[PDB]
Amino acid sequence: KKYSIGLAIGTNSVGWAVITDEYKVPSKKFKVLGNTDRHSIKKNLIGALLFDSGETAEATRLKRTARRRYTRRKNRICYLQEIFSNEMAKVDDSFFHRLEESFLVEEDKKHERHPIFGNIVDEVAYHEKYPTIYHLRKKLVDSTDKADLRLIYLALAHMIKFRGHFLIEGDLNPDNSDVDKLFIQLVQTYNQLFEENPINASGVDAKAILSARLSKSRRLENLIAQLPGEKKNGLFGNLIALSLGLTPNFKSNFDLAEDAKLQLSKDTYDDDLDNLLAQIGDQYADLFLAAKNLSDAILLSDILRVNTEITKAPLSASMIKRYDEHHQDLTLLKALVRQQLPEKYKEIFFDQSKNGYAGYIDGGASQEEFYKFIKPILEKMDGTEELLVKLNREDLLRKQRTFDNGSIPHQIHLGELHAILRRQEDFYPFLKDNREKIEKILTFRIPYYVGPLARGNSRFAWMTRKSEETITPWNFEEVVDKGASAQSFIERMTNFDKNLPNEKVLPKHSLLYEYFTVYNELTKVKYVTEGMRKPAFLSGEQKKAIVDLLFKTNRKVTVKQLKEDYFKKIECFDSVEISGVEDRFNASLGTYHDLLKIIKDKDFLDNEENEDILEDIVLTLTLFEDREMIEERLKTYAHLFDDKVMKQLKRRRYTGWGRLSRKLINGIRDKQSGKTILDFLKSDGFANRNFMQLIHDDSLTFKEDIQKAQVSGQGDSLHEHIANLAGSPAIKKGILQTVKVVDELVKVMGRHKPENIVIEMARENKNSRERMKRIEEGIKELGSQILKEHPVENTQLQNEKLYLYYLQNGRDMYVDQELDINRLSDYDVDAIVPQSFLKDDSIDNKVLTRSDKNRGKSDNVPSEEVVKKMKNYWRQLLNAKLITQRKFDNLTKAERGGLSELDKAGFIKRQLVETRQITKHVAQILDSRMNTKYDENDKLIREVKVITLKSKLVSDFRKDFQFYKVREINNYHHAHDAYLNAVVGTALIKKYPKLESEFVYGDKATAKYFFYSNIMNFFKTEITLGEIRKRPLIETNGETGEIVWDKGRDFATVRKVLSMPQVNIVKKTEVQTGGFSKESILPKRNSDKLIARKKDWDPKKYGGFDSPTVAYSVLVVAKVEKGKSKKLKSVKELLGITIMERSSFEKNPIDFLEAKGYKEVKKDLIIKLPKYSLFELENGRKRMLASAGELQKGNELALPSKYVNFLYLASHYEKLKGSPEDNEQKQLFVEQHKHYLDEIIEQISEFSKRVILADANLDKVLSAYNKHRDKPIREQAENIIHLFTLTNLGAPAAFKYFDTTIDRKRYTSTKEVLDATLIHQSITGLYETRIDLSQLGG
RNA sequence: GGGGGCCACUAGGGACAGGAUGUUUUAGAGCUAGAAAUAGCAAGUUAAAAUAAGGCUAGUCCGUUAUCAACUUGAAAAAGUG
DNA sequence: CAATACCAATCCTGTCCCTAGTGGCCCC
DNA sequence: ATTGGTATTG
Ligand SMILES: [K+]
Ligand SMILES: [K+]
Ligand SMILES: [K+]
Ligand SMILES: [K+]
Ligand SMILES: [K+]
Ligand SMILES: [K+]
Ligand SMILES: [K+]
Ligand SMILES: [K+]
Ligand SMILES: [K+]
Ligand SMILES: [K+]
Ligand SMILES: [K+]
Ligand SMILES: [Mg+2]
Ligand SMILES: [Mg+2]
């Protein structure tokens, strides 16, 4: 008994099928367990497992880290209160108690209800003097009076609880004075430089224009307006842009050929300026210097909207400005609405449900929505012009706690905090003694390289301690070993050397590593001149001379430099041919040049004695990012360099690690030669062996030592192995499920293994936010104004043509012309490399053009003429990252010969041969599970051949022989895909056994193109209908003579298999996990649905959550008390155990149930019922548990094959294509069988009346179908497709028939399944335990 | 076919440290005329505290991923059953 | 019981590791 | 986008 297995692996399904040698699907009797009539059941060996998607770990991470942050913010407040504890006890022994219980209703409060002062008079007076906390903050900063300790606490607590970002390094002492004087100084330095060309800045209010309430770029254009001439892209224009955004490339300004863009915020600035001034002269230094001198006073013009000369609390002052302008404008607006539109005043100022001022303060209206609601009301009235100005600046009636405060650096809150402490430490000594500790509470962050401050019970932590004591913000430096922790941060994540698994990998920017890469590439170079008989390698002396002359003097080495600066100057060659490198060398000694610029001592870098030192230095600059730690580590070499050099060295940081260790590159030595790998790369006679040759040469010690160093260790489990594969958790779920299905199938077949296993894996399948970001970055990098003229929202960028329009700066890609948005319907979306070769539908292969004809010829890449015309525009788009390097290269391919015949052959092969790593891992898993025995030569015995196919094989097979697929009809198509996979794969390797190299796991261009294009012709009776050819009726193997395909019987076999109505569709039952409930914190309500957010927070007083998620339901057979007498009454019901309740219910089920009300629970009749638990009722009707109180449809509609194929054809599903005569034949079949439509609706109808039970919906559907009987056949079929939403397995859903919408009929009761048959199914559904639940009751 | 190093991109996975809102209850004395219902007017911008219930291992830690038919012997982890 | 209508926390900064898809140089 | 919870209406 021989058989094969077909598998179809998806993100929500695994289809499976068992076939015999005749491509038939067997059917068996399977034993049935339980307590019913039925002892056994017939099952066809074909089906599909269905499951909800595996989820990434991301959401879990976001919640975990937010959790740690709430914990630590509470701890900050706790530190501050502990510092205040005793003196506050002297002032008010319950103040902190009133703060802690502020949330409590007065009934539940232990202390007086007014938090700050504990009496209504003082509290009301406080709020009258300080309407916002920023009033009190500014007062405590500016005043000199002794202040109440509770108000000092509140100011400091508010600063520490909402402390601002940490994105700017160092100290920040704001000063907005001299802004106009600094601008005058910048204009002065520019005019003293270009004495011949001066700018007159007199009268230019740079302070207002630059501290403006609008954007940086608008400020720039306004400022340039005031300078006669001086176009915005002139030198001074870009110098003003310096503080106002990222400056365009000074390339144009200084006649350069390289990019010269700067950004004062970027760390590279100090280098780039030096990189730039060296090109243009140090005399320009002062210029950029004055530029920086302005930016400091204007850096925070957006945050601080008040002069610092009047207050040391400019932030709080700007909030108070918000408050005062809100007050004045609200007074004015109220008066205006009273005068002009009284009939609306209420709706504006009282209706919380409208987006007016009421809904803005009290309702749920955001600033944006309030602005949108009130803009027409302001435009409709008179005297609202200033308010409209403030509105369009987004500065009308502002609150103080707003979504855009994320710009505020922590240094500003710190300044205000420090100032309050300095004011009040003169009156309170503990504030003087704890000044720095409180500042430290504000400033301290756990470093990202330290991680959670755990003590052995966190699976996420790696931090190590110098001593064992509680870590505080003030002793962190002494208790945490920051160096060891920062090291572990990297070493727990980075790979070891695969060749020497005990060896750490080198930094990617190590000098030794770059020497290795350069010398590898260099040894494989060859050259020819005239007198030479044969191309020659480079000798050791030649490679050394090339490194010293070129690689050690230029960062990049072009082939042109190699020809002219070495072979011409040293070898006196005028002509030489080079192989092994094209255009320029890929490797390079970049770190060498970095350090040459920093330390300025070539001999130091060339001296081998310093090697270790330099390696260590680069290690330090890679392992660590904190420049104080970098400094501490480099301190050991302080005597070797000047202090200036050490300051420059501190700032030189590197990221990235290599893939080889130092011991491999320049450590282990070949026994007889005594030479390392790098030694051989420098000089290896006339063989010039590279790394691979070196470590594989049986003539050297390297290979043997690598073999010796290897070690496997402890092996993973199947689940662990699958979890560690590189792929989407979605598809890893399907992989594990596939292995389990195969195991069960083998056990079904008497533990005999199959001949073949054919596997196929599906393709690759918020985001509009990313699209908008791409387009914004590109258009700004373009310097284009297409967004200024045609604004767009991210949603619309999901349209392919509009997205392409914006990615192409609104132009044609094949013609140097503009395009019109309003004409997008008339344009074309063309494939760069045609889809007849590469089935790529991504933006990377697509281009928007007026007419695709203008590409050139359609059998290749765009023509040479288009390339000549458009290459510079394409380069522009590439530099804006509006097209990728791959897109640009494919576009320009015609200047490199275009598509060759070998390329087309390879494209066909790629269309047919799978090469994704993940599918190969699935094949390896199955192969290593199936084949375990070795032969007399200790080589593997491959009993089972694992064949992988791409979906195009079976898709083409379906379309060519009319085994059509309609996905919406039911879930059978997964199983049918698996079956067709087994059939086609086994036939394909039976017919061409030599294909086993390509399709089976384990160890002229026209010819392969033709071969692979025609690989599947042995199925057809008549091919190429080139010229026409004919094939026999029976197809056998050429060598063996064995029969592989009988075109008489086997197609009928396939039709019989696809027609079978009994297909094992199993929806995987799963316990629900994740969040307890909806997160929304609802207001108080008289409802038992509400859930307390804290143990003593009665939701009837405090609000809380509702809508918890049921982890699983439970059958309870017990008694409940009834009526006022509490008489015991027997019941049977489903109890939904919620996710939050699960641990308690499982720790003691009986106590849990009795707390819920149940008595005398039959403990052994408790049945755990996860989501999708399957029940059968009458007439085959099935239901699945959706919840404890709702059900899902549980049946599949087995629509006969003739109706499926008729629907596919009549709906023009996908493409017709075909011969014109074959098109006409399919069309004539459609029209000849129009009655099928009614028959289909009859089938559905019958099904719905037996199984769906949605009378109203079925009647609406019948009425709609009878209404649209004169519609075209195509459209009626297209909507009949939609009708199957009514009958689909799973949760009910809404669907449209033409323009009538049918809402979902839900099953809002689970009572009936309590007396139905529960069906437990194995993974394949071939093994069942059926339980008659009607036999359970009191 | 499979595999390695390097260059140029691109797509995804994982961890850590942080920021701004939002919500919820309480505090921010509403007034006047009416018994009242209600009407007219005034006011509004801020704060505290929680932000999965909670847990024990008590850490400035952990709490939403992965994995799960039934039955059996099993504390479990397992293995087995048609 | 129904049928049905509404609802669902959001956005952002930085450090770092890893695999794998496309094209290319050189190899096992 | 789904789809299970919830109140509302009857
Ligand atoms: K101008
Ligand atoms: K609001
Ligand atoms: K190159
Ligand atoms: K680094
Ligand atoms: K020194
Ligand atoms: K789960
Ligand atoms: K889930
Ligand atoms: K936050
Ligand atoms: K199952
Ligand atoms: K992030
Ligand atoms: K590659
Ligand atoms: Mg907590
Ligand atoms: Mg808030």
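Throughout, a chain's letter reflects where its sequence line sits, starting with A, and its residues are numbered from 1. Only this structure's heavy atoms are used, side chains among them; waters, hydrogens and symmetry mates stay out.
Ion pairing of A/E325 with A/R398 is absent here, as no side-chain N (NZ or NE/NH1/NH2) approaches a carboxylate O to less than 4.0 Å. A/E55 has no carboxylate O lying under 4.0 Å from a charged side-chain N of A/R61, or vice versa, which leaves the two without a salt bridge.
The 5' end of DNA chain D is approached more closely, in terms of each residue's nearest nucleotide, by A/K766 than by the other of A/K766 and A/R1304. Both A/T517 and A/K920 sit near RNA chain B, but only A/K920 has its closest nucleotide nearer the 5' end. Mapping A/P1292 and A/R1085 onto DNA chain D via the closest heavy atom, the residue that lands nearer the 5' end is A/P1292.
For D/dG4, one of the phosphate oxygens OP1 or OP2 lies less than 4.0 angstrom from a side-chain nitrogen or oxygen of A/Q1192. A close approach under 4.0 Å does occur between a side-chain nitrogen or oxygen of A/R401 and OP1 or OP2 of B/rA47. At the phosphate of B/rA15, OP1 or OP2 sits under 4.0 Å from a side-chain N or O atom of A/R64. Applying the 4.0 Å criterion to OP1 and OP2 of B/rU46, one finds that A/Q400 has a side-chain N or O inside that range. For the pair A/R67 and B/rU64, the criterion of a side-chain N or O lying under 4.0 Å from OP1 or OP2 is met. In this model, the phosphate group of D/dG5 is approached by a side-chain N or O of A/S1187 to a distance below 4.0 Å at OP1 or OP2. Proximity of A/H158 to the phosphate of B/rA47: a side-chain N or O atom is located under 4.0 Å from OP1 or OP2. OP1 and OP2 of B/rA52 both lie 4.0 Å or more from every side-chain N or O belonging to A/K1078. The side chain of A/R72 contributes an N or O atom lying less than 4.0 Å from OP1 or OP2 of B/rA17. Within the 4.0 Å cut-off from OP1 or OP2 of B/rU10, at least one side-chain nitrogen or oxygen of A/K881 is found. For A/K508, a side-chain nitrogen or oxygen approaches OP1 or OP2 of B/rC6 to under 4.0 Å. At C/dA20, one or more side-chain N or O atoms of A/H921 fall inside 4.0 Å of OP1 or OP2 (strictly under the cut-off). At B/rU46, none of the side-chain N or O atoms of A/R137 fall inside 4.0 Å of OP1 or OP2 (strictly under the cut-off). Checking the phosphate oxygens (OP1, OP2) of B/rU60, no side-chain nitrogen or oxygen of A/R69 falls inside 4.0 Å.
Both conditions of the stacking definition, centres under 5.5 Å apart and planes under 30° apart, are satisfied by the base rings of B/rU65 and B/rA66. Consecutive bases B/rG28 and B/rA29 are counted as unstacked, their six-membered rings not meeting the limits of centres under 5.5 Å apart and planes tilted under 30°.
In this structure, B/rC16 forms a base pair with C/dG14, meeting either the Watson-Crick or the G-U wobble geometry with both donor-acceptor distances under 3.5 Å. Within the shown strands, B/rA50 is the pairing partner of B/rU23 under the Watson-Crick or G-U definition, both distances less than 3.5 Å. In this structure C/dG23 sits in a base pair with B/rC7, meeting the Watson-Crick or G-U test at under 3.5 Å. Nucleotide B/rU60 forms no Watson-Crick or G-U wobble pair with any nucleotide shown, as no partner meets the under 3.5 Å limit on both distances. Judged by Watson-Crick or G-U wobble contacts below 3.5 Å, the nucleotide D/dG10 has C/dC1 as its partner.
Here A/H114 contributes atom NE2 and A/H127 contributes atom NE2; the two are 8.5 Å apart, rounded to the nearest 0.5 Å. Note that CG of A/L838 is 11.5 Å distant from CG of A/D903, once rounded to the nearest 0.5 Å.
A donor-acceptor contact under 3.5 Å links the side chain of A/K334 to the base of B/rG44.
Nucleotides B/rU45 and B/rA75 are not base-paired: the Watson-Crick or wobble atom pairs do not both lie closer than 3.5 Å. Taken together, B/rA79 and B/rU72 meet the test for a Watson-Crick or G-U wobble pair: both N-N or N-O distances fall under 3.5 Å. Using the rule of two distances under 3.5 Å, B/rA33 and B/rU38 count as a Watson-Crick or G-U wobble pair. For B/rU73 with B/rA78, the Watson-Crick or G-U wobble criterion holds, each of the two distances under 3.5 Å.
With distances taken from any side-chain atom of A/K1094 to the nucleotides B/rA8, B/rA20, B/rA53, the minimum falls on B/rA53.
The glycosidic torsion of B/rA43 lies more than 90° away from 0, which places this base in the anti conformation.
Checked against the 6.0 Å centroid threshold, A/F444 and A/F476 count as a close aromatic pair. Between A/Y1102 and A/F103, the gap from one ring centroid to the other is short of 6.0 Å.
Using a 5.5 Å limit on the distance between ring centres and a 30° limit on the angle between planes, the aromatic ring of A/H696 does not count as stacked on the six-membered base ring of C/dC28. Stacking annotation: A/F1076 is stacked on the base of B/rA52 (ring centroids less than 5.5 angstrom apart, interplanar angle below 30 degrees). By the 5.5 angstrom centroid cut-off and the 30-degree plane limit, A/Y70 is classified as stacked against the base of B/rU51.
Among the candidates A/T523, A/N499, A/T517, the single residue satisfying the side-chain contact (heavy atoms from CB on, under 4.5 Å) test with A/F691 is A/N499.
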